[PDB]
Amino acid sequence: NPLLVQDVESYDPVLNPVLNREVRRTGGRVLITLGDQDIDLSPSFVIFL
Amino acid sequence: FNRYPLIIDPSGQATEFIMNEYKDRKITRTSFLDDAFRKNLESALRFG
């Protein structure tokens with residue numbers, strides 16, 4: 001789902017893998033390591049700051 | 001099946017039949033003796 005995040009001056013470093021697209025492709029799914037859990041990154045996701 | 005099947009194939013054709021049938025769904029072969037059993041099982045539990 002598209003996401004719009006305000007107040008970027010308090011940027012959470014948790015988006016660093018997301019912004020860098022440090023994705024992992026294995027088994028046909030796209031895996032992103034957000035924090036310490038793996039989430040299937042849907043291709044339709046988009047984030048705005 | 002309702003309960004997960006237990007295949008008894010001494011000759012080894014059912015095992016290769018299973019690979020062919022479920023190849024399109026990215027089926028992976030593991031074993032109880034392998035140490036990667038935990039991570040392989042967990043991955044299936046999350047992503048089919």
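Residues numbered from 1 in each chain as written, not as in the entry; some residues may be left out. Chains lettered and ligands numbered in written order. Part of a larger assembly, values for the part shown. Heavy atoms only, no water.

Concerning the overall build of chain B
Of regular secondary structure, chain B possesses two helices and zero strands. With the principal axes as the frame, chain B shows a C-alpha extent of 30 × 25 × 20 Å. Out of the 48 residues belonging to chain B, those deemed buried represent 2%. Summing over all exposed atoms, chain B offers an accessible surface of approximately 4,900 Å²; the carbon and sulfur share of this is 54%. (Helix = DSSP H or I, 4+ residues; strand = E, 2+ residues; numbered from the N terminus. Buried < 20%, exposed > 50% of the residue type's maximum accessible area, 1.4 Å probe, protein only. Areas by Shrake-Rupley, 256 points an atom, 1.4 Å probe, with all protein chains shown as cover.)

Describing the pairing of strand β4 (residues 37-40) of chain A
Residues and elements named next belong to chain A. The pairing of strand β3 (residues 29-34) with β4 spans four bridges and is antiparallel. Considered in β4, the bridge of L31 is made with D40. Turn length for the β3-β4 hairpin, with the two strands adjacent in sequence and antiparallel, is two residues, and the turn residue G35 shows positive phi of about 70°. (Pairing = 2+ DSSP bridges.)

Concerning the environment of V23 of chain A
Residues and elements named next belong to chain A. Its place among the elements puts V23 in strand β2 (residues 23-26). Along the primary structure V23 and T33 are separated by ten residues, whereas in three dimensions their C-alpha atoms are 7.6 Å apart. Those residues in contact with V23, other than ones at most four positions away along the chain, are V30, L31, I32 and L41. (Contact = heavy atoms within 4.5 Å.)

Details of unusual backbone geometry
Not every positive phi belongs to a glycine, and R21 of chain A is a case in point at roughly 55°. Note on placement: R21 of chain A falls in the loop between α1 (16-20) and β2. Residue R21 of chain A is classed as exposed on the basis of its relative accessible area, which comes to 70%. We note that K26 of chain B has phi near 60°; this positive angle belongs to a residue other than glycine. Here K26 of chain B shows up in the loop between α1 (14-21) and α2 (37-47).

Some details on a nonpolar patch on the surface
There is a patch of nonpolar side chains on the surface, built from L3, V5, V8, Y11, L19, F45 and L49 of chain A and spanning about 560 Å² of accessible area. Counting through the fold element by element, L49 of chain A comes out in the segment after β5 (47-48). (Patch = residues over 30% accessible without salt bridge, like charges linked within 9 Å, V, L, I, M, F, W, Y side chains within 5 Å. Salt bridge = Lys/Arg side-chain N within 4 Å of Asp/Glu carboxyl O.)

Regarding the environment of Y11 of chain A
Residue and element names in this part refer to chain A. Residue placement: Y11 occurs in the loop between β1 (3-4) and α1. Taking the C-alpha atoms as reference points, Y11 and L49, separated by 38 residues in sequence, lie 9.3 Å from one another. Of the polar contacts made by the side chain of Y11, one reaches the side chain of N16; its length is 2.3 Å. (Polar contact = N/O pair within 3.5 Å; in protein donor to acceptor, adjacent residues only side chain to side chain.)

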